[PDB]
Amino acid sequence: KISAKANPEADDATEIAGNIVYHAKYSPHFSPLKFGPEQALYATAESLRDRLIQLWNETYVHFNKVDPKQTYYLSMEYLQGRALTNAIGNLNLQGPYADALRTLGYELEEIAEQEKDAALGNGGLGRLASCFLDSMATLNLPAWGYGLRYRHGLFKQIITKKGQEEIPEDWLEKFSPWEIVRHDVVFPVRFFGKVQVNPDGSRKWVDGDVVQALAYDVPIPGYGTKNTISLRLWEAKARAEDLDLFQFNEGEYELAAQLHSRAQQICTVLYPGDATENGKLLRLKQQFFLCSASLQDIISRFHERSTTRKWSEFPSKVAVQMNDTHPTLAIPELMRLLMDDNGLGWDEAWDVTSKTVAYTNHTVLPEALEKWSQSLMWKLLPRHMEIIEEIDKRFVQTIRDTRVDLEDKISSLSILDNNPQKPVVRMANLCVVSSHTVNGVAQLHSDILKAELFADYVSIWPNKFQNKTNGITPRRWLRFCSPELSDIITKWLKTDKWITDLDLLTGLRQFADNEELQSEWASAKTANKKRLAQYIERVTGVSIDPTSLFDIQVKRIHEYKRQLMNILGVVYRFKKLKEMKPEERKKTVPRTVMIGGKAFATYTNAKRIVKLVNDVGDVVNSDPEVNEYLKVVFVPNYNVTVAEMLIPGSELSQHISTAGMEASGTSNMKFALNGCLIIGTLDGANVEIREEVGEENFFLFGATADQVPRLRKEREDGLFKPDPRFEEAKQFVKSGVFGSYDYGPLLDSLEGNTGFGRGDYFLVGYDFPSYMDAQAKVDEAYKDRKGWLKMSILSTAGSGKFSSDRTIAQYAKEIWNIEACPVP
Amino acid sequence: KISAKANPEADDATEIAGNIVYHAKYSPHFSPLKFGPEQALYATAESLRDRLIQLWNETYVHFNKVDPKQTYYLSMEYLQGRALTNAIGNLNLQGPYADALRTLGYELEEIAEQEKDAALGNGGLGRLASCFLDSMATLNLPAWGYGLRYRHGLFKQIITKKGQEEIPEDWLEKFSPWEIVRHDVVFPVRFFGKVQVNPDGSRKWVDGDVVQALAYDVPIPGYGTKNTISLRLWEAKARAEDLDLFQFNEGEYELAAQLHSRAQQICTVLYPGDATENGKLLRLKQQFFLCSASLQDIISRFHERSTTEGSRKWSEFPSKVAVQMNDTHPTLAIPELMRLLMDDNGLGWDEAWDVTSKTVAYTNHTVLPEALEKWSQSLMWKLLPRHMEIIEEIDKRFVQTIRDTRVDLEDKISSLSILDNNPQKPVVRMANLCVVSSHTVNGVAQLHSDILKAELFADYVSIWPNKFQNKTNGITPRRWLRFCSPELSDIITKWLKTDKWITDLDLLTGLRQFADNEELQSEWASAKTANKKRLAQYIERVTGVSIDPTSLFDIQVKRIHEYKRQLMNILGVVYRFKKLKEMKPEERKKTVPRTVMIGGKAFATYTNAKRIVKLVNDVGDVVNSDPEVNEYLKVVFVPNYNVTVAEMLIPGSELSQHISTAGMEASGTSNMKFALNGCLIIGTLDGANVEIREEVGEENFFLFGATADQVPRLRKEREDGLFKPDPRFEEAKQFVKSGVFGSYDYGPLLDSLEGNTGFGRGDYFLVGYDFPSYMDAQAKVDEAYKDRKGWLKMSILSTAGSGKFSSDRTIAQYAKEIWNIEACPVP
Ligand SMILES: C[C@H]1O[C@H](O[C@H]2[C@H](O)[C@@H](O)[C@@H](O[C@H]3[C@H](O)[C@@H](O)[C@H](O)O[C@@H]3CO)O[C@@H]2CO)[C@H](O)[C@@H](O)[C@@H]1N[C@H]1C=C(CO)[C@@H](O)[C@H](O)[C@H]1O
Ligand SMILES: *Cc1c(COP(=O)(O)O)cnc(C)c1O
Ligand SMILES: *Cc1c(COP(=O)(O)O)cnc(C)c1O
Ligand SMILES: OC[C@H]1O[C@H](O)[C@H](O)[C@@H](O)[C@@H]1O
Ligand SMILES: OC[C@H]1O[C@H](O)[C@H](O)[C@@H](O)[C@@H]1O
Ligand SMILES: OC[C@H]1O[C@H](O)[C@H](O)[C@@H](O)[C@@H]1O
């Protein structure tokens, strides 16, 4: 019926349908006869990519001409999610694309559901990086991300009757229609080898292995702007020359291909397991490979913008941001590139380096900061060790010169820990010593950093440390995932400028009590809940009641996130329902509980928690007697797509980490922004949300951070007195009512008073009573519909501050010193 | 200045330039700023591929609707060469594309020189298969090729001070703009494992390793027709699921990825080295994988063309399908088709065998009986157990036949049967499996096919006297005259007063009446001269030697092998050099200057072949740098011989050498290319030389050497001490051993020409014996070349006689006598 007709700039239904069909025909990846959903997606995605290329190229040419200071963000993860809807939306072509697909016999949703998530990351570190990219593009900032092109991600989670099983991700097994290979953009990265000392006394890293880094671009479109930036990803490749024919033809296939294998290894998965020496080396290879490829690419661009250049311009034209310690090696690597490849002296090269690099810490934990064996570092990266050692030797001399009062502390301040048992390189110390700025990711976290963790460094450089509170993008996380709700907002604010000025959401406050608005809000939530119900049946075969309360905990499965507390809470509520007469049951609040997330494969108890949730759900959900009032579901393969289906339908979300353990929590913000109320500890980003939405719209409970040490010491000393409901939940789990699986060894982590891996270190038992009492409040509040709806609107109305646009603007001004560079 | 504008059907300069620029922008593989030659090529190739897709899709739809009998050709090699010029040319868009590129600031030649050869094959077996594809397309026949998508080819040859070194090919390290991946066309292929026997007596191959075969299409356009067929290539892949995360995360990387590694192995190189057991298994994996993937794809298409009820009746299968096995490599298609019919599709043995026997036909390309593939029964059981069961049942029935209807052949059963149950090295004789199973067996030249009926397969000819046939090899006149020699092709069209020869090559005979015409000779001289300048230019570019375009161009290019007698040639050269050093300058001015060019590749493990390449180079270093004789002689080794190289050498050639020991060559298609481009041959009465010489006429050909029937006798004279060597032959040897060509000891190589008996010695290939009649034929060539009119006359009659050597003739014969297929033109 419809005719192929290329129109790379199509912007109406007919043009778009012609261009989609053009790509179906003349960019084929399949037999021509069938044009089913999958072929439609790739066709549509190529239609959009025509737009994206035009804009990316314009933006590249513009930054080239203006030669502004440019920021480059280094991260080991990016959670890009699906790109289709975000691209349609930033190009403001929703109506036209939807019409185009219908003329081709498809609903956009249908096609959207075919797309795979780019498995390029894992946690909030990666989603932060991605929301930042969106904000850089929309604020017209000259900034890019650089990452690694992982083939298989961390893993795809399957749920079998044995619990979580891990299988590789396949998002590249056919092809990805977003990315643009650049076969001219290749840089060599070395490993192992040694340092040649030249007769003139210059130095050179030689020998070892050389791999090739190949650039692919993923364009990132901004909202209401031509500016389209890049997430540039690196693939490690061997050259064809590196296959040894002689050995292949001798039948020795692994030796023959061993350079190709070492390359493949680097982009196989995120965070490869590192109990062994091999894995530790592979991790370091990953980190180095990203730093070295990216910095060579950055230096190459610095020179390309020359209009004949002097190095002293470098930190006025470049800013590099290290996200956690993973890209620490950018420090010595930049030093290597300056002194060896470009001939600079130490002092000049260090001045440049120190003013270019800045460091973002995301961790409350003292021992979670990366430390590497000095022995491994010498083996893998000998030139970098020389440089790292000279950095430490000068810094220690500074402390003897300028600060004799810290002499006794040199053995913890220095970068090199020369402990005779486990000598290591302390990477956070290298970051802090070298960067012009260090920031944390929430006001409390940043204060802990200045006061406890990095106290003495704050002392030497009192202007080095800063705060930059995390945020989210309101495009992906409200405008695009919750379009019904966004229309309501635009109607009642009488503008749509909130989509780039999120503080305008405070205008909703005056309407929180308004009956018509609450009625509209109920309907949108009800409609988003039907959809979520649908999805849940589709992906777990469980039929959930849309009129019940939707209570959601989705995040990495970890003892400190206290999924176990949640799930024991559920066991308790279930027991009490079985024990009630039917007349008492009709008075409780029906609830559907939803838990999701992934456990590290080797993390035994995390894997036992996932198993537990499922076993509970099998029994609870199939009990005709109480399944009207309670259901429990494990949502599998939690990722961006899943979050996009859960958040708009959520009513209560649980952010209940042990106080002091979380530096932030951006999912918190997504929930708050979509009118979902929180039950939470006064921890991380909960502190800021609760300030912004108001205490009365938030279910606080649990010990506070300053209290926790004291409460552990009470446990060590036999003074802890457990609540009987806590013990009743445990026993009931041990009674074997949830099947043959012995949960005793899991529950053992909550027994005893002292010793590694027991003694309830995360205060599950202790917070259970105030947790369950906050849950009773949530039940009472939910029965008062007007009050509930009021709280939900004030939740959204207070979410202004949590925009990634605010965060990036702050970074741009105080740290990077970059400014808007709009493409005409 | 020019704007992107998609026009998938561009057919004039302006439209084409717009579409090329569209692809530079919206199909990028590079940073956007620079639009240099490389980017221009990929951009131009994608413009052409738009046309190619439209025509391929039309052809697929047409064959689907008509449901004709379809031929599928199975080959382990294809020498596709560069595609750019062939595509422009078959679409008849030379003028428009050349103009388009000039508006973009490029000469087409410049861009064409950027393209890499598709390293999908090695020798004449593969180029035959490719020329056949071009002819299938141009005759509008419903036929396809199926092969393997090799990443690294055989190897790229470099020449170092050590001689030949082998490095992997890189033609896929960026990407290939011709091919079309088909992600819905995936079929599973198994290895190892075992046979489950079901209670109902049905059988099923289970367990082992499973790899995925993924189809990529390379469209093949026909000349002056819409018909565009496929070379469908298979890539072996493992699924993502097959990587073991647990092991990867334990640091055990090789185990973790072992299934991916076994898949990458299959498509790494052509003819992987097989001294070891691992290599033998890998070779068999390659062969099986091509047969099983391709047959599944074929069966799927047979069913897809059903218009009816349920599944269509199997008895139609051999009326709708023909499968051609090229050499013994794809023998496994016999038991595999049997496996698919009986196990997956439930047919009984007899019905399945009737189908199978009428579907498959076999082409032999090999004179010697110890080049035909034999495999250890033990390896076959390991790798392909179900196939062994079936192969065994085939042999059990064939032997019973020879008792139930031919009791007179009882005493020969132990050499006729498929299974050789020798107590030391029991093997499966694959040629015997082919001959027992196929409705037709053919050779590739009239003499070769007669040797097959009379010597090699005599007793099989006895049982099935209509089974055996001849099909003389040929070449495509599109790639090999019209497109490589365009100046010359215009002359031909002008004097024949038509251009219909490009698809009716026999019209070339119309040139004969003009062979004595001085205007035509004058035009011919110019065209050769011009082609020779170009060759001279290329040779400097790739060797660093400056050659004289006025000297005689004498070329031997083919696989380096003792039986091809590059060593004879090279010793001839050493002789001529010695004589030139020994002359006074007055005697030198009377000889005919000559540039000798030798090229080809040695199998990496073949010691003497590698020594010969070393020898040629060492001789050239010394000769070419000698001021005293380099005006009169130069010797050059042309590296990395492939289709591109042949395309540069053939149009500029004057004499070419096809001098194999008589009886050893079944054919020789390069012979034909040379003859077709007016290049005269110095050759033995062997393979295709017999036929060329008949066709061009004896007076236009430099024959020499012993004949096939004489060779045994001449070996027996050597074994008995009766051989009396020519003194010029010994003078050449000694001079090579005197160390005038450097420090390399050539004694062990030359040892192959010494002694009278014993494995690897005694001059088995009669180098020494043919040397005098060879060198005398070389003196004739010198005299004939001095008479320019007579030379030009011979060259024209060479071209004028090349009619019979068209691949169009060969494929038409195959279509009628073997496949029983016919023209199916796309409207
Ligand atoms: C008629 C029969 O044909 C096929 O049987 C083949 C085997 O597939 C093949 O492996 C080979 O088997 C030999 C086997 O490997 C060996 O170990 C055993 O000792 O002897 C076998 C014979 O030498 O050859 C046989 C037969 O020549 C199919 O696999 C069978 O399914 C098929 N049987 C059909 C036919 C009928 C009626 O005609 C049904 O009664 C029967 O249930 C059905 O399976
Ligand atoms: C936002 C997000 C995260 C990070 O959230 P935290 O609970 O705050 O650590 C992780 N996964 C997905 C899929 C997300 O969208
Ligand atoms: C035609 C061709 C061959 C054919 O084989 P011969 O044995 O020379 O006749 C081999 N290689 C190339 C590159 C060819 O074009
Ligand atoms: O959750 C992600 C974490 O997992 C692993 O245990 C890594 O050692 C750590 O680097 C990473 O941040
Ligand atoms: O409880 C904290 C730690 O304990 C266990 O050793 C887990 O395997 C580890 O990944 C986790 O982070
Ligand atoms: O080059 C063609 C031939 O080369 C090798 O000698 C192989 O062993 C053989 O299988 C192949 O046919």
# chains A, B, ... in the order shown; residues from 1 in each chain; ligands from 1
>>> residues_around(residues="residue 295 of chain A", least_positions_apart="2", cutoff="9 Å", atoms="only C-alpha atoms", output="PDB file with C-alpha atoms, in the first residue's frame")
ATOM      1  CA  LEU A 290      38.406   3.832  28.689  1.00  0.00           C
ATOM      2  CA  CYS A 291      40.730   6.501  30.052  1.00  0.00           C
ATOM      3  CA  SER A 292      43.443   6.155  27.493  1.00  0.00           C
ATOM      4  CA  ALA A 293      41.163   5.960  24.429  1.00  0.00           C
ATOM      5  CA  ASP A 297      40.425  11.435  21.477  1.00  0.00           C
ATOM      6  CA  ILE A 298      40.092  14.601  23.556  1.00  0.00           C
ATOM      7  CA  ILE A 299      43.647  15.764  22.880  1.00  0.00           C
ATOM      8  CA  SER A 300      43.109  15.149  19.198  1.00  0.00           C
ATOM      9  CA  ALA A 330      42.942   9.343  33.656  1.00  0.00           C
ATOM     10  CA  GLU A 333      47.468   8.716  31.763  1.00  0.00           C
ATOM     11  CA  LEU A 334      46.992  12.393  30.996  1.00  0.00           C
ATOM     12  CA  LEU A 337      50.387  11.655  27.235  1.00  0.00           C
TER      13      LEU A 337
END
>>> residues_around(residues="segment 683-689 of chain B", least_positions_apart="6", cutoff="9 Å", atoms="only C-alpha atoms", output="number ranges by chain")
B: 444-448, 472-473, 656-669, 671-672, 701-708, 774
>>> residues_near_ligand(ligand="ligand 1", cutoff="12 Å", atoms="only C-alpha atoms and all ligand atoms", output="compact mmCIF listing (two decimals) with N, CA, C and O atoms, in the first residue's frame")
# COMPACT_ATOMS: atom_id res chain seq x y z
N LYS B 194 25.24 -37.84 19.43
CA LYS B 194 24.92 -39.27 19.21
C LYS B 194 23.50 -39.49 18.76
O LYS B 194 22.68 -38.56 18.69
N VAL B 195 23.21 -40.75 18.47
CA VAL B 195 21.96 -41.11 17.80
C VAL B 195 21.07 -41.71 18.83
O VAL B 195 21.39 -42.71 19.43
N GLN B 196 19.95 -41.06 19.04
CA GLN B 196 18.87 -41.62 19.84
C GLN B 196 18.06 -42.54 18.94
O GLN B 196 17.60 -42.13 17.87
N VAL B 197 17.86 -43.76 19.37
CA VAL B 197 16.96 -44.68 18.68
C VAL B 197 15.62 -44.69 19.40
O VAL B 197 15.54 -45.12 20.55
N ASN B 198 14.57 -44.27 18.69
CA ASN B 198 13.21 -44.30 19.23
C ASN B 198 12.53 -45.68 19.12
O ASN B 198 12.79 -46.44 18.19
N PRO B 199 11.62 -45.99 20.06
CA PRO B 199 10.95 -47.29 20.16
C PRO B 199 10.23 -47.70 18.87
O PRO B 199 10.14 -48.89 18.55
N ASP B 200 9.71 -46.72 18.14
CA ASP B 200 9.10 -46.96 16.83
C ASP B 200 10.15 -47.15 15.71
O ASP B 200 9.78 -47.34 14.55
N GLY B 201 11.44 -47.06 16.05
CA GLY B 201 12.52 -47.34 15.12
C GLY B 201 12.93 -46.15 14.30
O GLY B 201 13.78 -46.26 13.42
N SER B 202 12.31 -45.01 14.56
CA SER B 202 12.81 -43.74 14.02
C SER B 202 14.10 -43.37 14.76
O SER B 202 14.36 -43.83 15.87
N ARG B 203 14.90 -42.53 14.13
CA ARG B 203 16.18 -42.20 14.68
C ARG B 203 16.38 -40.70 14.70
O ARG B 203 15.75 -39.96 13.97
N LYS B 204 17.21 -40.24 15.62
CA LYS B 204 17.39 -38.79 15.82
C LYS B 204 18.77 -38.48 16.39
O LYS B 204 19.20 -39.07 17.40
N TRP B 205 19.43 -37.57 15.70
CA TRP B 205 20.74 -37.05 16.09
C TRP B 205 20.54 -36.12 17.20
O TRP B 205 19.79 -35.16 17.05
N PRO B 335 24.43 -37.70 2.58
CA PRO B 335 23.82 -38.24 3.79
C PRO B 335 23.05 -37.24 4.58
O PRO B 335 22.07 -37.62 5.21
N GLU B 336 23.44 -35.97 4.50
CA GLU B 336 22.66 -34.92 5.17
C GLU B 336 21.25 -34.76 4.61
O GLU B 336 20.29 -34.56 5.37
N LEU B 337 21.12 -34.81 3.29
CA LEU B 337 19.79 -34.72 2.67
C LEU B 337 18.99 -35.92 3.07
O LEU B 337 17.78 -35.82 3.40
N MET B 338 19.65 -37.07 3.05
CA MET B 338 19.02 -38.28 3.60
C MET B 338 18.59 -38.12 5.07
O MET B 338 17.48 -38.54 5.45
N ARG B 339 19.43 -37.49 5.90
CA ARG B 339 19.07 -37.34 7.33
C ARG B 339 17.81 -36.46 7.50
O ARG B 339 16.88 -36.81 8.25
N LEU B 340 17.77 -35.38 6.72
CA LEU B 340 16.70 -34.40 6.81
C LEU B 340 15.40 -34.99 6.34
O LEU B 340 14.33 -34.69 6.92
N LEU B 341 15.47 -35.85 5.34
CA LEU B 341 14.27 -36.48 4.76
C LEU B 341 13.68 -37.52 5.67
O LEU B 341 12.47 -37.51 5.92
N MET B 342 14.54 -38.39 6.21
CA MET B 342 14.04 -39.50 7.01
C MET B 342 13.76 -39.10 8.45
O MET B 342 12.76 -39.51 9.02
N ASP B 343 14.65 -38.32 9.06
CA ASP B 343 14.55 -38.06 10.50
C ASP B 343 13.64 -36.87 10.75
O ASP B 343 12.64 -36.98 11.46
N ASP B 344 13.97 -35.72 10.20
CA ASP B 344 13.14 -34.52 10.41
C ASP B 344 11.78 -34.63 9.69
O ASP B 344 10.76 -34.17 10.23
N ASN B 345 11.78 -35.23 8.49
CA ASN B 345 10.56 -35.26 7.69
C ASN B 345 9.86 -36.62 7.55
O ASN B 345 8.85 -36.72 6.87
N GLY B 346 10.40 -37.67 8.17
CA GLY B 346 9.65 -38.95 8.32
C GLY B 346 9.57 -39.90 7.11
O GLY B 346 8.82 -40.88 7.15
N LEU B 347 10.34 -39.61 6.06
CA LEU B 347 10.34 -40.45 4.88
C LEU B 347 11.08 -41.75 5.18
O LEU B 347 12.01 -41.78 6.02
N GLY B 348 10.62 -42.81 4.52
CA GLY B 348 11.34 -44.07 4.48
C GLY B 348 12.57 -44.00 3.59
O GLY B 348 12.71 -43.14 2.72
N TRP B 349 13.49 -44.94 3.85
CA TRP B 349 14.78 -45.02 3.17
C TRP B 349 14.63 -44.97 1.68
O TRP B 349 15.25 -44.11 1.04
N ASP B 350 13.82 -45.89 1.11
CA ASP B 350 13.69 -45.97 -0.34
C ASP B 350 13.17 -44.68 -0.96
O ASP B 350 13.77 -44.18 -1.94
N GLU B 351 12.11 -44.11 -0.40
CA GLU B 351 11.60 -42.85 -0.94
C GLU B 351 12.65 -41.73 -0.80
O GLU B 351 12.85 -40.93 -1.73
N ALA B 352 13.33 -41.70 0.34
CA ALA B 352 14.29 -40.63 0.58
C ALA B 352 15.48 -40.74 -0.37
O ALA B 352 16.09 -39.73 -0.72
N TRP B 353 15.83 -41.98 -0.72
CA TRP B 353 17.00 -42.26 -1.56
C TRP B 353 16.71 -41.97 -3.01
O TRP B 353 17.59 -41.63 -3.78
N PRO B 385 28.10 -38.95 13.65
CA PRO B 385 27.68 -40.31 13.82
C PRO B 385 26.48 -40.75 13.01
O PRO B 385 26.37 -41.90 12.63
N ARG B 386 25.52 -39.86 12.83
CA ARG B 386 24.27 -40.22 12.17
C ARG B 386 24.60 -40.38 10.71
O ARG B 386 24.04 -41.22 10.03
N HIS B 387 25.52 -39.58 10.24
CA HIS B 387 25.92 -39.62 8.86
C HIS B 387 26.63 -40.84 8.58
O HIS B 387 26.36 -41.46 7.55
N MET B 388 27.48 -41.29 9.51
CA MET B 388 28.15 -42.57 9.31
C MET B 388 27.16 -43.75 9.17
O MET B 388 27.36 -44.59 8.35
N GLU B 389 26.11 -43.80 10.00
CA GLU B 389 25.09 -44.84 9.91
C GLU B 389 24.53 -44.86 8.52
O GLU B 389 24.42 -45.90 7.92
N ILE B 390 24.15 -43.70 8.01
CA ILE B 390 23.56 -43.58 6.71
C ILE B 390 24.59 -43.97 5.67
O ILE B 390 24.31 -44.80 4.81
N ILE B 391 25.79 -43.39 5.71
CA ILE B 391 26.83 -43.78 4.74
C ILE B 391 27.00 -45.30 4.74
O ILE B 391 27.21 -45.86 3.69
N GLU B 392 26.91 -45.97 5.89
CA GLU B 392 27.15 -47.40 5.98
C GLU B 392 26.05 -48.20 5.31
O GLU B 392 26.31 -49.22 4.65
N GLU B 393 24.82 -47.73 5.48
CA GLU B 393 23.68 -48.34 4.84
C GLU B 393 23.77 -48.12 3.34
O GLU B 393 23.37 -48.98 2.56
N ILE B 394 24.29 -46.99 2.89
CA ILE B 394 24.41 -46.79 1.44
C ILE B 394 25.35 -47.86 0.91
O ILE B 394 25.08 -48.47 -0.08
N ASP B 395 26.46 -48.09 1.60
CA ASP B 395 27.49 -49.02 1.13
C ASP B 395 27.02 -50.47 1.18
O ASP B 395 27.29 -51.24 0.30
N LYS B 396 26.30 -50.81 2.24
CA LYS B 396 25.70 -52.12 2.38
C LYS B 396 24.72 -52.45 1.24
O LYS B 396 24.66 -53.59 0.80
N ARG B 397 23.93 -51.47 0.79
CA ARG B 397 23.00 -51.70 -0.33
C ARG B 397 23.69 -51.76 -1.71
O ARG B 397 23.42 -52.67 -2.51
N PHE B 398 24.62 -50.87 -1.94
CA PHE B 398 25.39 -50.90 -3.16
C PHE B 398 26.18 -52.20 -3.34
O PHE B 398 26.20 -52.75 -4.45
N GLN B 400 25.39 -55.17 -1.99
CA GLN B 400 24.37 -56.20 -2.27
C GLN B 400 23.90 -56.14 -3.72
O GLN B 400 23.60 -57.18 -4.32
>>> residues_near_ligand(ligand="ligand 2", cutoff="10 Å", atoms="only C-alpha atoms and all ligand atoms", output="PyMOL selection string")
chain A and resi 79-81+121-128+130-131+470-472+477+553-556+561+597-598+637-644+647+654-655+657+662-671+684-685
>>> interface_residues(of="chain A", to="chain B", cutoff="7 Å", atoms="only C-alpha atoms", output="list in words")
residues 6, 26, 28, 29, 30, 31, 50, 167, 168, 169, 170, 174, 180, 181, 182, 183, 184, 240, 241, 243, 245, 249, 250, 251, 272, 273, 276, 278 and 279 of chain A
>>> residues_near_ligand(ligand="ligand 6", cutoff="10 Å", atoms="only C-alpha atoms and all ligand atoms", output="PyMOL selection string")
chain B and resi 76-77+121-126+154+270-275+283+327-329+365-366+371-373+559+601-603+605-606
>>> write_last_selection(atoms="C-alpha atoms", output="mmCIF file, in the first residue's frame")
data_model
loop_
_atom_site.group_PDB
_atom_site.id
_atom_site.type_symbol
_atom_site.label_atom_id
_atom_site.label_comp_id
_atom_site.auth_asym_id
_atom_site.auth_seq_id
_atom_site.Cartn_x
_atom_site.Cartn_y
_atom_site.Cartn_z
ATOM 1 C CA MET B 76 34.013 -24.263 -0.750
ATOM 2 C CA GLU B 77 35.320 -21.303 -2.694
ATOM 3 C CA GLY B 121 38.237 -18.449 -2.179
ATOM 4 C CA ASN B 122 41.669 -19.323 -3.551
ATOM 5 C CA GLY B 123 42.030 -20.997 -6.913
ATOM 6 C CA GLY B 124 40.437 -21.829 -10.215
ATOM 7 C CA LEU B 125 37.836 -23.913 -8.444
ATOM 8 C CA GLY B 126 36.513 -20.687 -6.959
ATOM 9 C CA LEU B 154 43.569 -18.188 2.697
ATOM 10 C CA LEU B 270 39.897 -21.429 3.744
ATOM 11 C CA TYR B 271 41.430 -24.891 3.917
ATOM 12 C CA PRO B 272 42.725 -24.660 7.444
ATOM 13 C CA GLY B 273 45.985 -26.686 7.936
ATOM 14 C CA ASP B 274 45.173 -30.360 8.656
ATOM 15 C CA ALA B 275 48.364 -32.297 9.686
ATOM 16 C CA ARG B 283 37.855 -29.115 7.784
ATOM 17 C CA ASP B 327 34.717 -31.536 -6.008
ATOM 18 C CA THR B 328 34.375 -33.859 -2.944
ATOM 19 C CA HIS B 329 34.113 -31.074 -0.347
ATOM 20 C CA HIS B 365 38.227 -31.349 -11.147
ATOM 21 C CA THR B 366 41.186 -33.628 -10.344
ATOM 22 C CA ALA B 371 44.035 -35.939 -4.390
ATOM 23 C CA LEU B 372 40.470 -37.321 -3.764
ATOM 24 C CA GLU B 373 39.309 -36.956 -0.185
ATOM 25 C CA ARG B 559 49.342 -21.576 -7.785
ATOM 26 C CA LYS B 601 50.948 -18.352 -3.689
ATOM 27 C CA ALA B 602 52.533 -21.373 -1.981
ATOM 28 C CA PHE B 603 50.713 -23.400 0.637
ATOM 29 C CA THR B 605 53.686 -25.926 4.649
ATOM 30 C CA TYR B 606 54.748 -26.789 1.050
#
>>> residues_around(residues="residue 504 of chain A", least_positions_apart="4", cutoff="10 Å", atoms="only C-alpha atoms", output="PyMOL selection string")
chain A and resi 493+495-500+508+797-800
>>> residues_around(residues="segment 347-351 of chain A", least_positions_apart="5", cutoff="9 Å", atoms="only C-alpha atoms", output="PDB file with C-alpha atoms, in the first residue's frame")
ATOM      1  CA  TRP A 311      49.289  23.711  26.016  1.00  0.00           C
ATOM      2  CA  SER A 312      48.501  26.317  28.639  1.00  0.00           C
ATOM      3  CA  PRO A 315      42.565  23.414  31.028  1.00  0.00           C
ATOM      4  CA  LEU A 334      46.992  12.393  30.996  1.00  0.00           C
ATOM      5  CA  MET A 335      50.387  12.935  32.608  1.00  0.00           C
ATOM      6  CA  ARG A 336      51.871  10.175  30.409  1.00  0.00           C
ATOM      7  CA  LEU A 338      51.643  15.120  28.043  1.00  0.00           C
ATOM      8  CA  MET A 339      55.218  14.300  29.023  1.00  0.00           C
ATOM      9  CA  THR A 356      41.576  19.676  34.060  1.00  0.00           C
ATOM     10  CA  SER A 434      45.157  15.527  42.018  1.00  0.00           C
TER      11      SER A 434
END
>>> residues_near_ligand(ligand="ligand 5", cutoff="8 Å", atoms="only C-alpha atoms and all ligand atoms", output="number ranges by chain")
A: 558-560, 600, 602-605, 757
